[PDB]
Amino acid sequence: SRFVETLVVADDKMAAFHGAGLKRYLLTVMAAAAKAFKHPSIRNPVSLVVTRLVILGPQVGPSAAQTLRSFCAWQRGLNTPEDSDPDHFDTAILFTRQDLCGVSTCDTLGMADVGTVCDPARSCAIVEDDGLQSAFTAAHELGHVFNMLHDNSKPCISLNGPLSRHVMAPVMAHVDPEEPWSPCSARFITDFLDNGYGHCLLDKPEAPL
Ligand SMILES: C[C@]1(CNC(=O)COc2ccc(Cl)cc2)NC(=O)NC1=O
Ligand SMILES: [Ca+2]
Ligand SMILES: [Ca+2]
Ligand SMILES: [Ca+2]
Ligand SMILES: [Zn+2]
């Protein structure tokens with residue numbers, strides 16, 4: 001049994017748009033993401049548990065990289081040193097209505113650092129809330145936090161075989177409901193946990209939302 005104690009943050013733009021329904025919306029999005037992380041195709045399921053919810057702070061702008069870095073610096077200040085403190089969280093995810101962009105286009109919907117889930121200085125993800133598929137983007141970004149690569153990467157070719165229908169496709173496409181995670185994704189999270197990088201995921205949270 002593994003539990004990810006999750007801080008969910010929504011910016012002022014999320015509050016402006018969603019209003020009174022924002023909390024319920026965020027919990028609905030996170031419930032759908034949590035469902036993906038329990039699917040047997042992941043090989044080593046984890047329970048994504050919302051433990052803290054902040055409605056706004058960090059500097060949010062078009063640059064996905066800058067927004068991720070600002071958010072990740074800011075979230076550190078909310079955390080506590082020890083995982084046994086009930087206020088401690090294992091990962092931080094920001095939802096924003098800001099159109100996040102890369103170097104040349106604004107097609108990106110989110111960003112996360114890779115393989116950082118039990119590093120409180122780096123366990124961070126951002127998601128552009130599209131209003132419908134935000135749970136899939138959240139799952140993709142959290143996949144990265146769990147050390148997953150894209151399914152068209154060189155290592156995934158040999159793990160997935162010759163025969164873009166998974167969460168870790170590089171761009172959103174229709175996800176296979178019987179296999180949201182590719183064999184590559186399953187292998188990478190499994191290795192990550194087997195190698196001890198999920199050492200902060202063993203304590204069970206007292207007060208889930
Ligand atoms: C740059 C970019 C662009 N991709 C996205 O923003 C979102 O990608 C997906 C979302 C949902 C699903 Cl199901 C599949 C893919 N950011 C990122 O984290 N990896 C990337 O290559
Ligand atoms: Ca804890
Ligand atoms: Ca965008
Ligand atoms: Ca923990
Ligand atoms: Zn990605």
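Counting convention: from 1, in listed order, for ligands and their atoms alike. For reference, positions follow the sequence shown, starting with 1. Just the heavy atoms: all of them, side chains too, but no hydrogens, waters or symmetry mates, feed the values below.
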Next on the checklist: Distance under 4.0 Å to a non-hydrogen atom of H144: what atoms of ligand 1 satisfy this?
Outcome noted: 18 (O), 19 (N)

Checklist entry - Which angle, to the nearest 10 degrees, do you find at the Ca ion (ligand 3) between O in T108 and O in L100? => result 80°

Next on the checklist: Between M30 and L48, is there a side-chain heavy-atom distance shorter than 4.5 Å?
Outcome noted: yes

Checklist entry - Does the gap between the ring centers of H150 and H140 come in under 6.0 Å? => result yes

Checklist entry - So which of the N, O or S atoms of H144 lies nearest the Zn ion (ligand 5)? => result NE2

Checklist entry - With a cut-off of 3.0 Å, does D99 place any N/O/S atom under that distance from the Ca ion (ligand 3)? => result yes

Item to check | Protein contact to atom 12 (C) of ligand 1 [nearest heavy atom, distance to 0.1 Å] | outcome: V167 O, 3.5 Å

Checklist entry - Which atoms of ligand 1 have any heavy atom of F136 under 4.0 Å away? => result 11 (C), 13 (Cl)

Checklist entry - In this structure, which one of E179, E178, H174 forms a side chain to side chain donor-acceptor pair (under 3.5 Å) with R165? => result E179

Item to check | Proximal heteroatom of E128 relative to the Ca ion (ligand 3) (N/O/S) | outcome: OE1

Item to check | pair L209-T51: side-chain heavy atoms closer than 4.5 Å | outcome: no

Checklist entry - For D130, does its backbone N or O pair with a side-chain atom of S134 as donor and acceptor, under 3.5 Å? => result yes

Next on the checklist: Quick check: do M111 and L100 have side-chain heavy atoms less than 4.5 Å from each other?
Outcome noted: no

Checklist entry - side chain to side chain donor-acceptor pair (under 3.5 Å) with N44: which of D194, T190, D191? => result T190

Checklist entry - Between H150 and ligand 1, is there a nitrogen or oxygen pair with a distance under 3.5 Å? => result yes

Next on the checklist: Could you check whether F146 and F37 have their ring centres less than 6.0 Å apart?
Outcome noted: yes

Next on the checklist: In this structure, would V127 and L68 fall into the same cluster of hydrophobic residues linked by side-chain contacts under 4.5 Å?
Outcome noted: no

Checklist entry - Evaluating non-hydrogen atoms only, which member of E141, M168, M172 is closest to atom 17 (C) of ligand 1? => result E141

Checklist outcome for this item: Honestly, for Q133 the part within reach of ligand 1 (heavy atoms, under 4.0 Å) is neither

Item to check | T108 and ligand 1 - part of the residue with a heavy-atom distance under 4.0 Å | outcome: both

Checklist entry - Is the distance from the Ca ion (ligand 3) to the nearest N/O/S atom of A64 under 3.0 Å? => result no

Checklist entry - With a 4.0 Å heavy-atom cut-off (strictly under), which part of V175 contacts ligand 1: side chain, backbone, both or neither? => result side chain

Checklist entry - What about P170: any of its N or O atoms under 3.5 Å from an N or O on ligand 1? => result yes

Next on the checklist: Taking N, O or S atoms only and a limit of 3.0 Å, check whether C106 reaches the Ca ion (ligand 3).
Outcome noted: yes

Item to check | Heavy-atom nearest option to atom 16 (N) of ligand 1, drawn from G110, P180, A65 | outcome: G110

Checklist entry - So, do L202 and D83 sit near enough that their side-chain heavy atoms are less than 4.5 Å apart? => result no

Checklist outcome for this item: Sorted by chain and residue number, the salt bridge (charged side-chain N to carboxylate O under 4.0 Å, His left out) partners of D151 (sequence neighbours excluded) come out as none

Next on the checklist: Check this for me - ligand 1, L109, N or O atoms closer than 3.5 angstrom, yes or no?
Outcome noted: yes

Checklist entry - Would you say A169 contacts ligand 1, with heavy atoms under 4.0 Å as the rule? => result yes

Item to check | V49 backbone acceptor or donor facing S47 side chain under 3.5 Å | outcome: no

Next on the checklist: What do you get for the angle at the Zn ion (ligand 5) between NE2 on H140 and NE2 on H150, to the nearest 10 degrees?
Outcome noted: 110°

